[PDB]
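Structure record follows, encoded as structure tokens.
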């Protein structure tokens, strides 16, 4: 369906490791486009908007345990339902509107 | 250096949502430079003592079965109707479910909520019954109170088709009526910030216990899964239910409104923050913070007692919504009301949308991203001076706008051009004694 | 005695719907004193040579069966793609179905239509094929052209929930693109009033013939029911299909627009009337007048030949809509276009609604019933001077508004205050030769 890649800066990782604190001062991205002659057709659209992410955990389900102790002396029958709703591990979630990110 | 017309209009509609002059609708003056459509929802409801047909049980009776009408325990509710009653309305910053109505036989000591999640909370025309012992009601119990949610469906429809939203203003009017010789009663109203947040309560898992007594099967998995984990996230409101009794609210907040019941009420709910950014619609289950019971690590204890620390009770409302952050929570009480009453609730909620492509909202866009710093500063300045509510008939305040907004817009910084506009004095909103004076000392003769 | 701001804004948005300055939307300046909401629909489509998946047969093949994709007669359409093609766009005053696109292997002599009603006309992304002999296409025939309708669904949704409507303005932009060394081609555009009306065509009933040959049954009902009656009413457009060829349009109308294909087009369709009243939504089947064949009573004949008089052919479009009356019909041709083309169609339709109670539109009302006689008179005055189209990139005309509207607003009557604004001269819109001069003689250097 599509291809995807991440553009990674390794020096940023190295320096972020050895830092007590940080803050981004500014960031710019330039997209110099080129194509063969008679192939320059196309359009470019660009937009910015605040997607205020936060540390959230999604709601997941545990697995209920089902045991059938059919033994003559062993008839515990631990049918307890562990299938409750819990929270997954925390992640930094971005509320970017994927459904509304089409160029138009 | 001077407040613009758009900023003044926004201030007027934010401080006086149901002012008769407030016909046009204006957006937040921050110059967002985004395509927006402003939607105004005006709704009217006629609340009174419900009949038996609109009463449902919240207990385990209607657990998997749908809502069950009361099995003619309505005789107890008629006994309620013998004497005077109490009617609470609680306006949380919920977008839909604008208010929550509650009917009591007599004034409670606190705004209690049930520890167990209720069954099928009912939208306004229908009510749901809760027992007197602060528990869900099944048929054959002692009813304690009735509860319902006033729901706006168009708000839900429009919130579905929106990239972002923000509440611009919200007002609630409570026009009260009762038969002749039955106008007795009192009304109290208050606003306060209950800054909710997305939290998960601490719950326990179930340890698995197996006794493999087989000759070859002797696994004996006695592992303790009974650890402490986090439940699913919910938007929790820190509303002080134990301190929501009318007397406590009256003696705590100076701007609280008190009057005779026949005066009704008019709450222009206000924001507690300077800014008002757009947010993506994200409905969540709503809950209310309670109080903790076990002190836990509030005293020197061991690790085994860390888990049972000060874990605050969380009361699930069984209602999902997206809330307007940084907006005040309102609460009004009608105490000693004749049971044959009639409250005309009128709600006006105006909020801004960023339309989604191809959605309905995209056909009503309105592109004037105006900017007005002075209006926002004036709103922040005025937040602490406006009374929390007014009599239902008290609209179109003369002091508002040309006098109050002008007399306050030139304190902020030195953003002042006119030398002196008008001195500002402390008003005395004594509606009970008919000694009301506005912000400039002009008496307010009774217009209703 | 001076044009107001609202009238000027309406004039700007009516003459230049896609002017970049036209951000706010304003209503018709007649002071209707009715609650109205103005809806602006901006849509974008990317038309090009369709693939086989989006082609359907209009013949009797898909009569009761739904639309049938071409049974790989697409080889003939590829043969079309070998050479240059022609692309017609026809903007009738239909509210939905804003334009009708048509693809020809080569320029036709007329805008033909099929006598038989087509099967399942296709909305834009899908096309429908018609045979070369001016008939509906079944698989295994000779394709003549492709046709599609560009449909706006939100317009339909809003028209459903409206007591009345009126079209305020409509513009169509045709940004053209093609590969390098393939930019060859020409574009022609024209507008003219095709004043449709509700008419019914003359059809024949079927005479019943019974031969009761029974011994006792000898009724012999030979009665002739074959009389001439009227079909169901349809909204018929008197568009001259036989005279819609590009050359005829160019040499008939002086304000017709001609240019190189790469210039695209920009048609601000205009109204042909001074007034613009509200009308109730009333969709009807749409049809186009043809030409008659039998002269009938155009010569001295008998009653038997009265029925077959000059009955004009009516071409059913198999499309139902409500039209904007008194609005011009536009037609643009792209002749000699490289088949590997790409036309970005952008349509902007702004129209006013009277909302129905409880409908969606009622949440976006806007009450400034402004009045401006001067603006309406200026629009009537300017109707005959504006060219029918401009190059796609030619927006934000400097002469428009502060110069043209001012220089024309003081001829009407003696409604003149400023002595002399600016002399008005006849422009020369020679886009082909790059010798374009506006209404005041200022040359228009190529901005694209």
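Protein chains in written order, with the authors' numbering: chain A, 209 to 312; chain B, 66 to 513; chain A', 66 to 513. A prime marks a further copy of an entry chain.
Heads up, the beta-carbon is just placed ideally off N, CA and C, and yes, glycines get one too.
Buried or exposed (CB count within 10 angstroms, at least 16 for buried), residue i
| i | result |
| --- | --- |
| residue 333 of chain A' | buried |
| residue 81 of chain A' | buried |
| residue 223 of chain A' | buried |
| residue 465 of chain B | buried |
| residue 319 of chain B | exposed |
| residue 109 of chain B | exposed |
| residue 284 of chain A' | exposed |
| residue 400 of chain B | buried |
| residue 306 of chain A' | buried |
| residue 342 of chain A' | exposed |
| residue 217 of chain A | exposed |
| residue 511 of chain A' | exposed |
| residue 213 of chain A' | buried |
| residue 460 of chain B | buried |
| residue 476 of chain B | exposed |
| residue 363 of chain A' | exposed |
| residue 483 of chain A' | exposed |
| residue 507 of chain A' | exposed |
| residue 387 of chain B | buried |
Identity of the residues DSSP links to residue i by a beta bridge
| i | result |
| --- | --- |
| residue 515 of chain B | The structure shown does not extend to residue 515 of chain B, since chain B is modelled only from 66 to 513, so the question has no answer here. |
| residue 332 of chain A' | A'/237 |
| residue 353 of chain A' | A'/302, A'/380 |
| residue 323 of chain B | B/253 |
| residue 102 of chain B | B/418 |
| residue 344 of chain A' | A'/230 |
| residue 473 of chain A' | Paired residue(s): none; residue 473 of chain A' is not in a bridge. |
| residue 460 of chain A' | Answer is none; residue 460 of chain A' lacks a bridge partner. |
| residue 392 of chain B | B/336 |
| residue 455 of chain A' | A'/331 |
| residue 399 of chain B | B/152, B/252 |
| residue 266 of chain B | DSSP lists no partner for residue 266 of chain B. |
CB-CB length for residue i against residue j, believed under 8 Å
| i | j | result |
| --- | --- | --- |
| residue 210 of chain A' | residue 418 of chain A' | Wrong, their Cβ atoms sit about 36 Å apart, outside the cutoff. |
| residue 220 of chain A' | residue 93 of chain A' | Incorrect: roughly 18 Å between the Cβ atoms, too far for contact. |
| residue 197 of chain A' | residue 208 of chain A' | 7 Å |
| residue 298 of chain B | residue 267 of chain A | 7 Å |
| residue 88 of chain B | residue 71 of chain B | With a Cβ gap of about 15 Å, residue 88 of chain B and residue 71 of chain B do not count as contacting. |
| residue 301 of chain A' | residue 264 of chain A' | 5 Å |
| residue 321 of chain A' | residue 252 of chain A' | About 11 Å; that fails the 8 Å criterion. |
| residue 490 of chain B | residue 504 of chain B | 7 Å |
| residue 310 of chain B | residue 175 of chain B | 6 Å |
| residue 323 of chain A' | residue 497 of chain A' | 6 Å |
| residue 279 of chain A | residue 279 of chain B | 6 Å |
| residue 421 of chain B | residue 226 of chain B | 5 Å |
| residue 32 of chain B | residue 155 of chain B | Here chain B comprises residues numbered 66 to 513, so residue 32 of chain B is not present and cannot be evaluated. |
Proximal chain E residues relative to residue i, where beta-carbon distance stays under 9 Å
| i | result |
| --- | --- |
| residue 421 of chain B | Absence of chain E from the displayed structure is noted, the protein chains being A, B and A'. |
Uninterrupted beta strand (DSSP E) stretches inside the region 162–249 of chain A' (no shorter than 3 residues) = 164–169, 192–196, 208–215, 227–242
Could I get the ranges of all uninterrupted beta strand (DSSP E) runs contained in the region 402–447 of chain B, with 3 residues as the minimum, in chain order?
-> 407–420
Counting pairs of beta carbons, one from the region 397–408 of chain B and one from the region 354–362 of chain B, are three or more of them closer than 8 Å?
-> Contact fails between the region 397–408 of chain B and the region 354–362 of chain B, because fewer than three Cβ pairs, one in each stretch, are under 8 Å apart.
Any contact of the region 256–272 of chain A' with the region 394–403 of chain A', i.e. 3+ C-beta pairs under 8 Å?
-> The region 256–272 of chain A' is in contact with the region 394–403 of chain A'.
Completely contained beta strand (DSSP E) runs for the region 133–158 of chain A', where each covers 3 or more residues = Complete beta strand (DSSP E) runs here, min 3: 150–156.
Can you find at least 3 beta carbon pairs, one from the region 427–440 of chain A' and one from the region 81–99 of chain A', that sit closer than 8 Å?
-> yes
Count the C-beta pairs between the region 138–150 of chain B and the region 167–183 of chain B that are closer than 8 Å, then say yes if the count reaches three, no if not.
-> Pairwise C-beta distances place the region 138–150 of chain B in contact with the region 167–183 of chain B, as three or more of them are shorter than 8 Å.
Count the CB pairs spanning the region 366–376 of chain B and the region 201–216 of chain B that are closer than 8 Å, and state whether there are at least three.
-> no
Would you say the region 228–245 of chain A' touches the region 119–128 of chain A', given that touching needs at least three Cβ pairs under 8 Å?
-> no
Count the C-beta pairs between the region 446–456 of chain B and the region 272–284 of chain B that are closer than 8 Å, then say yes if the count reaches three, no if not.
-> no
Would you be able to state if there are at least three C-beta pairs under 8 Å between the region 182–201 of chain B and the region 234–241 of chain B?
-> no
Entirely within the region 66–127 of chain A' and at least 3 residues each: give me those beta strand (DSSP E) ranges in chain order.
-> Entirely contained in the region 66–127 of chain A', the beta strand (DSSP E) runs reaching 3 residues are, in chain order, 102–112, 120–122.
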